[PDB]
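# Coordinates in review
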4 protein chains.
Amino acid sequence: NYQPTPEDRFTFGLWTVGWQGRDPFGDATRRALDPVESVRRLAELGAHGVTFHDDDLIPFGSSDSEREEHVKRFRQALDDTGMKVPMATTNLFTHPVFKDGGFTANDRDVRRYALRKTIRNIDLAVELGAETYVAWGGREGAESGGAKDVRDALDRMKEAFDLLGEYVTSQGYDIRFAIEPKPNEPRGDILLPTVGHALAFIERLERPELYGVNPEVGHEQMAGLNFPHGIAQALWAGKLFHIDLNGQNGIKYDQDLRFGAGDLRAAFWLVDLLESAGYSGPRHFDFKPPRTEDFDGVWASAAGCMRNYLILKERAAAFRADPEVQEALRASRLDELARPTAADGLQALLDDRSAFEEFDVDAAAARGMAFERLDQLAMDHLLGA
Amino acid sequence: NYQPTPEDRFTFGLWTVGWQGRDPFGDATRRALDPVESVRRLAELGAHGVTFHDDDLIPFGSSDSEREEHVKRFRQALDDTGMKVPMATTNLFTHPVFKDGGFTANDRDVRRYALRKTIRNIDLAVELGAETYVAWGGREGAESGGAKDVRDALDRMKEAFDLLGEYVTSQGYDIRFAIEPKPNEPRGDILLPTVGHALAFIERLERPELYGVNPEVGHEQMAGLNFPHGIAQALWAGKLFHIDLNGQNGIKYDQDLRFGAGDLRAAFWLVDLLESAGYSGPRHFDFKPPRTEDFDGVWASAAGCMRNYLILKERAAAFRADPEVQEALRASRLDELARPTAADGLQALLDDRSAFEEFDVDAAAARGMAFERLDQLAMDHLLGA
Amino acid sequence: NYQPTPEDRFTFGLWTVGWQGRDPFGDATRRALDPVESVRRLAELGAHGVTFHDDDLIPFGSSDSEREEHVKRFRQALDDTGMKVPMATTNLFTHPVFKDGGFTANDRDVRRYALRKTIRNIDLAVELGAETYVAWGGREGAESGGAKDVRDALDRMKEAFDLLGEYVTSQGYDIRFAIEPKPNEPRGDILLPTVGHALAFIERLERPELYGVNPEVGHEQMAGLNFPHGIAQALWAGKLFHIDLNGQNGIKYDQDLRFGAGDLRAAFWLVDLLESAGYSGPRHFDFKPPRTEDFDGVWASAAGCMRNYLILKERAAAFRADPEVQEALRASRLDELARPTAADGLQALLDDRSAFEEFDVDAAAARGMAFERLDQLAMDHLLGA
Amino acid sequence: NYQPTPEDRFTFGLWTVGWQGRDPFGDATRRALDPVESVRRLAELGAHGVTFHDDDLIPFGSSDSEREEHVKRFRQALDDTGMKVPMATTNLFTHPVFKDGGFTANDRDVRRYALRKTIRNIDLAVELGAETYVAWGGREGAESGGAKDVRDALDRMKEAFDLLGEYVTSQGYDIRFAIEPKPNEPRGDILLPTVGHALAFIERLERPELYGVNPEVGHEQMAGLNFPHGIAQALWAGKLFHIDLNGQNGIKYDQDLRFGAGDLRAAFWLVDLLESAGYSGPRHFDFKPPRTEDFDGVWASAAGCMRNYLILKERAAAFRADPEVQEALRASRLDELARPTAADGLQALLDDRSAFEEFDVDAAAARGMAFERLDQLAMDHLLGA
Ligand SMILES: [Mn+2]
Ligand SMILES: [Mn+2]
Ligand SMILES: [Mn+2]
Ligand SMILES: [Mn+2]
């Protein structure tokens, strides 16, 4: 029942199941994991792949020999399991050098270092088979209003992403970029704080088609926004290159709960959308097994992620398949919503008297939308009633 | 001291000082105002202009004779005072017909009615002298996940804005459109919920250059976002067509407090940005005099709005002019932030050994950003210390 | 399946299913309801009772003859259906006189009027059979810091509740009082903003035992707080006199969605607590059928409320009954949590070397809490997997 | 100008200026500080005292010899400067043993260890001169609903605080306890999440008079609550034993910005209240110098804290002293708010016809509260206009 299989495209970061449990107020509650053990245990669970930061795989400051050896080990384990690496990313946030940002650090040399550090890991991402390269600008921001001229910072952010797009263009790489937005934490306000701000930013890049969004459930909910709506707008724009799934209990610190926790109904509507829309990219879980757990709880957490996706997937499909739902959708005119407002054209619209001078504004006002009956049907399918 | 004058470009909606005090839990605490009296009292205060919804000026359902008479009165008062009308908008939210939206109402005929209702008021806006026409889609949204297919809704939203852009193009009008984003209320989630989502949406329109944003202080703060940063990104994109100023005490219902209340420091940084960047559009106050006030408190509220702008304007200018601030900005490398990261080009960057192999990551990590001293200087100027 | 019956104790306010749909931005989308029709339609649905404000039943300003007639009608309908009135309340918020508060209005005569208005409705509540009288101080608060001396306001709030407690004591009434807390809206900050603040306030009253809390799901979630935890603390203190059930999607305006919407998991844990703890008071639904609905949607909304309670009640019971859950609870030491920490006494504790000098802090640190497996079991039962 | 002196009662934790800069996503950006250096540098700045956790002063796991030596050093430095230690606290949150709580850890032996660890530091706090002992239950809580039976947890919390109260009673100590509330982080929901919940909890303790609250600016604002109002309610209840001052930009992770940042107006009203009410306890700053700073920025941060208090103190005093403010307060009837509502008694109230039957509800409704003019006066004094 609800057993995950690699065709489900479930992926996990090395940093997720390998989180040692240090939080702002606490020390690690778990010993570090061998990336190789993660690969094999995740493959046993039914995962489709893993993702990594450069420094999850290669300890910061490794000479090429060590680095090569760390990669050969990781490469070996993927070979033995058939595990994919669909996405990679750079750690531009842990090391104190990045304390004011990577690509938008006030210090010019830190910015050039961040780009060299990322270019090095793009080569490795592509060699390992990554379709998407993620930019999380967790340190691009400020705690106070004078510390960052945001228009200059967006110049530097644009300049960095333009250079990376020129790099993958000159190398011949197929990889595309996804910005992962976050409204705040660890900076007091982070640049490109929501899906929307990142989508707007991409349109100003030099090669907009190389760039998409990698939205995370909990980051949009940290702004109180509706994650299914924002995903729908990324899909609408054609930019849902990737997605991070997890749970969040509203506006507060980034919890990275497992997927299905936090906002259960929004997780349902998310799965309904991803499946209805035919999203075919990774179902990536960017979660943190709570530091209250041992390693047995870490893997139970990872399995819950996939399991909750598959239950929601089952309930959303039965919702859409249900003829009572089909009838309720028509009673609430979701059909009419897909009809062009004025395919007859502006001039036709302007001369239509039934659209204004002779519009029965009160007969129209009196037609109930029947949204409650529809929603209680969605509730019944979610709960299995 | 801090007396407002029409060159300051301070404008007010008819619905602001004319709010009668009905809230979700309460009846009106003030009698309705004559638009004409508003015009004259605001001109006495030092306002530069007024804005209106169609139904603030012409009672809904007025035959052309009444409508013409209401406009002749309003036209007369503007003539007598020299008051400008820089912006207008349509009321697509009060009347029960709009209970599921205007441009994205599930009901097709309501959508066509909303467009005819807006086209009629565009003609009036232009005749009265409006540079900007604002779309607030307060009813475009949902309370539940199945009630609205967001990708279809954005099709209809795009189709409506494309038709309005075709309308003003065929008439020869100079007017441009500004979306006013709002994350929620009166709908549980509103489409295009932030500056960012609206900027992304505009890039998909057919004539993107006709459309900008009209951001409101309190709406971005209802998502917990940094209003100065989002304004900086609108400015960066070249889309700050208009702006709504007011106060908001964080994430909660839309308060529409007067400007300067709510987040005092963010109001300071906002004014610093608008003035540094050279924004030359209206300083529009979309506030609500609390229903605790009489009409004497209504005008004191309107005056406070302008007064708090002018005090902040004075403090932000002295901040920038202060050589100690100038030195602190250089100590925090805001200068370096304006320097191209790699004007030498990708290949130069790639072969720079001082940007990676020979980067002293620890000397760079050890340089303090000096943001605290900078911010305490901004605090001292704000408070006049 | 999940059909509600009067033994379930489901009650509804006259103002819930009778909400006409006016919100801050919109006009009514439904005609007013006859209280008598509400009584009969709710009884048909399976409700146990109704609640009312004075002005939901008697139009404000009714001479005694009309008032008597409105009560005789309502009394008649209850007789015909067997509908209970377990709780009543006073409207101290709609009328403009209450614009700065009722019991804490700065104006002394408004305060005395509020008490007379409430005393009049206490007599009616008791005659109709009310066990609980609710105080919602929606207008007790401020939009700005100088407008209200909060220590003086709490003096007046205490003085009002002390007088009402002296009133019901002298009349011989069995009725008890419940404060319904709300953090904000319609005032910018409301006094006694959470369950906790109200519980603290009651301890300073003269007859603390006459007063409890009437918490609402959405009001605590408007502060981002955990409604099951706060209910647990009310229960712990012995003060859960009543409860308002509904849905809320986080920190934003008060939505009054139907129960089960908003935070689905928190609704589950709430029902688990109310049923485990043996709460035997009303399951009162203080919700608002969205103004998008017609009267058919209003009753479907009311039925959904009761239905979602009964599904959650079924899932929470199967969770507790499940031996796998029982074993998981013991693995996570919920049993140990119910054990006195030091029933052996302070001196025994102080001389226990195994509690400090010889405590294996690292064997204890290494025992995983097994909370993930427990929570995935709760998820499986909720979803029916 | 605004130079702090020890009579101002400004205190700082060892953990504040000694924060090394590790956050959930980052490594330390500063080397550790010698407690002794902190004492001397803070005394040079004008501080009145320092506070500590046990493990800020004595490295966890120190034999008595080391421990004694660490205390002799710290004792020496206080002697040389005259620095007070008004408050101490226990670290029950860093070490992995406390991962599920201290006093409410599901594991009974961890609970007994937490009490022994705290009792040991109470002896040291008193010897060093502490008036207040603070309990921050940062690990008392849950991430999921089944992991903690909140009623049992409050039994254990009550049992622990009852034992500590029995301990200081038997030793003859003058010290009193203050709970520092926090709504969330590092746990998903923390028990006793607000000032109110903690005040309610104290009333159920065995010796309620030994216990007060230690509220923090940022923790109540993380729930979106009004920190001046909650402080007013602590003062009203007679429980403001201590207070933590800092800045917070709304609902998001705990920022611990320096005091005066975050919500500038609320900081003003806070100082106005503390000074008007005559609070005479420590002005304790529980802030974190951002990890972007070097040690020079750390001390500039600490100085800004005290400086912003003294500027606000100056502006609030001039506000209250201003006869125009005095007149505006009377126009808004803050005077009437301090008048007993019904000192004439219930029966007098009940027979007053001018309080109901003959109340001019509409003349009263028509009197404007004049809150806007009052608030703009408070704004003018704050900004120095
Ligand atoms: Mn995250
Ligand atoms: Mn607004
Ligand atoms: Mn409510
Ligand atoms: Mn804090």
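The rules behind these values
- Residues numbered from 1 in each chain as written, not as in the entry; some residues may be left out.
- Chains lettered and ligands numbered in written order.
- Heavy atoms only, no water.
- Salt bridge = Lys/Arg side-chain N within 4 Å of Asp/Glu carboxyl O.
- Helix = DSSP H or I, 4+ residues; strand = E, 2+ residues; numbered from the N terminus.
- Buried < 20%, exposed > 50% of the residue type's maximum accessible area, 1.4 Å probe, protein only.
- Least-squares fit on C-alpha atoms.
- Contact = heavy atoms within 4.5 Å.
- Buried area = accessible area lost by both parts, 1.4 Å probe.
- Polar contact = N/O pair within 3.5 Å; in protein donor to acceptor, adjacent residues only side chain to side chain.
- Axes fitted to C-alpha atoms, helices over the stretch in contact; angles between N-to-C directions.
- Parallel < 35°, antiparallel > 145°, perpendicular 65-115°, else oblique.
- Left-handed = near helix turned anticlockwise from the far one by under 90°.
- Nonpolar A, V, L, I, M, F, W, Y, C, P; charged D, E, K, R; others polar.
- Donors = N, O, S within 2.8 Å, 3.2 Å for Na, K, Ca; no water.
- UniProt positions renumbered as here; feature names shortened; annotations may be inferred.
- Pairing = 2+ DSSP bridges.
- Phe/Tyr/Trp six-rings, centres within 6.5 Å; stacked < 30°, edge-to-face > 60°.
- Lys, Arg positive; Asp, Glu negative; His and termini not counted.

As deposited, the entry is annotated with X-ray crystallography as its determination method and 1.79 Å as its resolution.

Under the counting rule described, the total for this entry stands at 144 salt bridges over all chains. Between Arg187 of chain B and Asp100 of chain B there is a salt bridge whose closest N-O contact spans 3.4 Å. With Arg187 of chain B in the loop between β6 (176-179) and β7 (189-190) and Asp100 of chain B in the loop between β3 (87-89) and α5 (108-128), the pair connects residues that are 87 residues apart, well separated along the chain. Taken individually, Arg187 of chain B and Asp100 of chain B each receive the classification buried, so the pair is uniform in this respect. Between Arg291 of chain D and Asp23 of chain D there is a salt bridge, with its nearest N and O atoms 3.9 Å apart. Of this pair, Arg291 of chain D sits in the loop between β10 (283-285) and α11 (295-321) while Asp23 of chain D sits in the loop between α1 (14-17) and α2 (35-45); the two residues are 268 residues apart in sequence, bridging distant segments of the chain. Under the relative-accessibility criterion, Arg291 of chain D is labelled buried at 4%.

All right, on to the relation of the copies chain A and chain B then. Note: a rotation about an axis with an accompanying shift along it relates these two copies of the chain. Of the two same-sequence chains, chain A is brought onto chain B (RMSD 0.0 Å, axial shift 0.0 Å) by a rotation of 180°. Both chain copies can therefore be described as sitting about a two-fold axis. Comparing interface residues between copies, 100% of those in chain A also sit at the interface in chain B, which points to an isologous, same-surface contact.

Right, let's talk about the interface of chain A and chain B for a bit. How big an interface is tends to be stated in terms of accessible area lost as the parts join. Taken together, the contact pairs 100 residues of chain A with 100 residues of chain B. Carbon and sulfur atoms supply 61% of the area that chain A and chain B bury against each other, a total of about 9,300 Å² over both sides. Sorting the residues of chain A by area buried against chain B places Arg116, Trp236 and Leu337 of chain A first, and these three jointly supply 10% of that buried surface. If you look at where chain A meets chain B, you find 14 salt bridges. Inspection of the region where chain A meets chain B yields 58 residue pairs in polar contact. Sorting elements by how many residues they give to the side of chain A that touches chain B places helix α6 (residues 150-171) of chain A first, with 13 residues.

Axis angle and axis distance: for two packed helices, these are the angle between their axes and the distance between the axes, and together they describe the pair. Residues and elements named next belong to chain D. For the pair α2 and α11, interaxial distance at closest approach is 10 Å and the crossing angle is 45°. It follows that α2 is oblique to α11 by the angle criterion. With respect to the hand of their crossing, α2 and α11 are arranged in right-handed fashion. The segment α2 lies against α11, with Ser38, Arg41, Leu42 and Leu45 engaging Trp299, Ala302, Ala303 and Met306. Looking at the contact of α2 with α11 residue by residue, the class counts come to six nonpolar, one polar and one charged.

All names here are of chain D. Within the protein, the atoms that donate to the manganese ion (ligand 4) are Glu216 (OE), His219 (NE2), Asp254 (OD), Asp254 (OD) and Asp256 (OD), at distances of 2.1 to 2.7 Å. Along the chain, the residues donating to the manganese ion (ligand 4) fall in the pattern E-x2-H-x34-D-x1-D. Here the two residues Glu216 and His219 agree in accessibility, since each one is buried.

All names here are of chain A. If you check UniProt for "binding site: Mg(2+) 2", the listed places come out as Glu216, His219, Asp254 and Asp256 in our numbering. These residues run over 41 residues, yet every pair of their C-alpha atoms falls within 10.5 Å of each other. Its location among the elements puts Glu216 in the loop between β8 (211-213) and α8 (217-221). Along the chain, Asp256 turns up in the loop between β9 (244-245) and α10 (264-276). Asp256 gets classed as buried once you look at its relative accessible area, which sits at 4%. Beyond its immediate stretch of four places on either side in the chain, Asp256 contacts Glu216, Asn246, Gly247, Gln248, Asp286, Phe287 and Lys288. Separated by 3.4 Å, the side chains of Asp256 and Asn246 make a polar contact.

The next thing to look at is the pairing of strand β1 (residues 10-13) of chain C. Residue and element names in this part refer to chain C. What you see with β1 is no split at all: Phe10 and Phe12 on one side and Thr11 and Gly13 on the other are buried throughout. Sheet topology places β1 next to strand β10 (residues 283-285); three bridges connect them, and they run parallel. Bridge assignment links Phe10 to a residue of β10, and that residue is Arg283. Bridge count between β1 and strand β2 (residues 49-53): three bridges; the pairing is parallel. Across the sheet, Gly13 pairs through a bridge with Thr51, a residue of β2.

Within the first shell, the manganese ion (ligand 3) binds the protein through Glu216 of chain C (OE), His219 of chain C (NE2), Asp254 of chain C (OD), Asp254 of chain C (OD) and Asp256 of chain C (OD), at distances of 2.1 to 2.7 Å. Mapped onto the sequence, the residues coordinating the manganese ion (ligand 3) show the spacing E-x2-H-x34-D-x1-D.

The next subject is the sheet that holds strand β1 (residues 10-13) of chain D. All names here are of chain D. With parallel pairing, the eight strands of this open sheet are ordered in space as β8-β6-β4-β3-β2-β1-β10-β9. What marks the edges here is a single partner per strand, and that holds for β8 (211-213) and β9 (244-245). Sitting on the sheet, helix α6 (residues 150-171) touches β4 (132-135), β6 (176-179) and β8, and the angle it makes with β6 is about 155°.

As a further point, take the UniProt feature "binding site: Mg(2+) 1" in chain A. Residues and elements named next belong to chain A. Per the UniProt record, "binding site: Mg(2+) 1" is annotated on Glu180, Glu216, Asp244 and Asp286. These annotated residues cover 107 residues of sequence, but their C-alpha atoms sit close together, with the largest distance between any two at 11.1 Å. Structurally, the position occupied by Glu180 is in the loop between β6 (176-179) and β7 (189-190). Classification of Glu180 by relative accessible area gives buried; the value is 8%. Setting aside its immediate chain neighbours within four residues, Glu180 contacts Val134, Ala135, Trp136, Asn214, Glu216, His219, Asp244 and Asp286. Counting through the fold element by element, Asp244 comes out in strand β9. Look at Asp244 and you get buried, because its relative accessible area is 1%. Setting aside its immediate chain neighbours within four residues, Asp244 contacts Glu180, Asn214, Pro215, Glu216, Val217, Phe227, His284 and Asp286.

Once that is clear, we can look at the packing of aromatic side chains. All chains considered together, the criterion is met by 92 aromatic pairs over all chains. Ring geometry for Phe201 of chain A against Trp236 of chain B: centres 5.6 Å apart, planes inclined by 20°, an arrangement best described as stacked. One end of the pair, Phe201 of chain A, is in helix α7 (residues 195-203); the other, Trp236 of chain B, is in helix α9 (residues 227-237), on a second chain. Assigned by exposure class, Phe201 of chain A and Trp236 of chain B land together as buried. Both rings, one in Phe259 of chain D and one in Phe285 of chain D, keep their centres 6.1 Å apart while their planes meet at 45°; by these two values the pair is tilted. A residue pair is termed long-range when its members are at least 10 positions apart, and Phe259 of chain D in the loop between β9 and α10 (264-276) and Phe285 of chain D in strand β10 qualify at 26 residues. A relative accessible area of 0% places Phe285 of chain D in the buried class. Among the aromatic side chains, those forming a connected cluster through ring pairs are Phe103, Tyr133, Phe161, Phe177, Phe201 and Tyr211 of chain A together with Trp236 of chain B.

On to the side chain of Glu216 of chain A. All names here are of chain A. Of the side chains bearing the opposite charge, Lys182 lies closest to the buried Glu216, which forms no salt bridge; the N-O distance is 6.5 Å. In this structure the side chain of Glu216 is engaged in a polar contact, spanning 3.0 Å, whose partner is the side chain of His219. Only 2.7 Å separates the side chain of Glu216 from the side chain of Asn246, close enough to count as a polar contact.

Another point: the sheet that holds strand β4 (residues 132-135) of chain B. Residue and element names in this part refer to chain B. Read from one edge of the open sheet, eight strands run β8-β6-β4-β3-β2-β1-β10-β9, paired in parallel fashion. Both edges of this open sheet fall to β8 (211-213) and β9 (244-245), since each of them pairs with a single strand only. In terms of strand pairing, β6 meets β8 through three bridges, oriented parallel. Within β8, the position partnered with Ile179 by the bridge is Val213. Contacting β6 and β8, helix α7 (residues 195-203) crosses the sheet at an angle of about 170° to β8.

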